[PDB]
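The structure tokens that follow cover one protein chain in two forms, given apart as structure 1 and structure 2.
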Structure 1
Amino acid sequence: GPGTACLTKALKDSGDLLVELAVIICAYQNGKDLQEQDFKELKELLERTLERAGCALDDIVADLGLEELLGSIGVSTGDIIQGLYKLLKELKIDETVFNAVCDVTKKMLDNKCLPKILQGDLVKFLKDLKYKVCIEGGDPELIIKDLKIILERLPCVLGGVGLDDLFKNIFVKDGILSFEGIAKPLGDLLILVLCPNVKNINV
């Protein structure tokens, strides 16, 4: 159908869409005790994301061919998410990329970042990490400055430690970044968990 063709074209035209859809699918499927407002906003985000890429969700749902039987009025968001994931695989998406995005999303859900995920903010954060933080031969003095506004936009990741307090505990030592004391968990989260994942992602 035209839905699949639109999606197929949108995917090839920008790798960003695959990443954005992976976040939405993985947030829906892995968020814990999701409330109705969460389900409502995830559907909204999916529609905004697909439409901004030029495709209507309805045309895509038509190609999904969910049944559509029988004991409910309307199509559940759960079924659409499940069907979109099925369709993506059928379109032979890069699952190394998908799975890395899903792993990042899971980690972020654990850090109470759902509210910012629902805004669509996660892809910008991934890009910020890829280009400003987890870089080869990056200058620690510059990264330490850049990391500050990056974390300010996504404070859930600080795990309750204040921003200024964190940076009182991040140093340049022997030419490398050093996350000490109360900043050590953030340092490990970035260097050992997120940086390897963002290396797997294409954005």
Structure 2
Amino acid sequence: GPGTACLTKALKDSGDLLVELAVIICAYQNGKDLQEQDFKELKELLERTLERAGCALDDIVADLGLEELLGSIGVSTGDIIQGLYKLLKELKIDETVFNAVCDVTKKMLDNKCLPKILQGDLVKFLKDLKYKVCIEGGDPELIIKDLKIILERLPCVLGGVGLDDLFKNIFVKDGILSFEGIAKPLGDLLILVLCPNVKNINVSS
């Protein structure tokens, strides 16, 4: 249908749609003890994300067939998410990218980052890491400074460790960033998870 058609083309366009959808889908699927307002905001984010790509969620829901009669007034967001996920696989999306984004999203939820995922801030975070942190030929003192600015806007990823104490434990050592003491979990997340993800995806600054 028109909704699936629009989505199909939109995924082939230069943009962040696949990554953004993966975040939304995996947040819905993995979030723990989600509030009703969380579910409402996730749907609003899906609607907005599709609109920005030139598509309408209503059209997609029509094509998923969720709107016939059925045993409810309205369509459940869970059904939309599961339908959308199945549809994406039918459209042969890059599941390597999808799964890598999904795994990252899971880790960010475990750090209580949902309120910021809801604000659409996660893709922004990956963009900043891609161009300011996970880079080649960078000045490590400058990278430390840039990381400080970035994390200050997404403090949930610090996992309760204050920014000030975290950076008491981040040093240049032998030309590479060194994450010592209480900063080691953050360093692991960057080095093992986030930097490989942002190198994998193509996304604008």
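Residue numbering: sequential along structure 1, first residue numbered 1. We call the rigid core whatever largest set of C-alpha positions still superposes within 1.5 Å between the two forms.
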*Considering only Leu45, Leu57, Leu66, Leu158, which residue exhibits a C-alpha shift of no less than 2 Å between structure 1 and structure 2, with the rigid core used for superposition?*
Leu66
*asked:* Once you overlay the rigid core, does the Cα of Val172 travel 2 Å or further between structure 1 and structure 2?
replied: no
_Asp33 C-alpha relocation of at least 2 Å between structure 1 and structure 2, rigid core basis_ = no
*Any CA movement of 2 Å or more for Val19 between structure 1 and structure 2, core superposed?*
no
*Any chance you could measure the C-alpha shift of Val198 between structure 1 and structure 2 with the core superposed, in Å?*
3.3
*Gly187: how big is its Cα shift between structure 1 and structure 2, in Å, with the core superposed?*
1.3
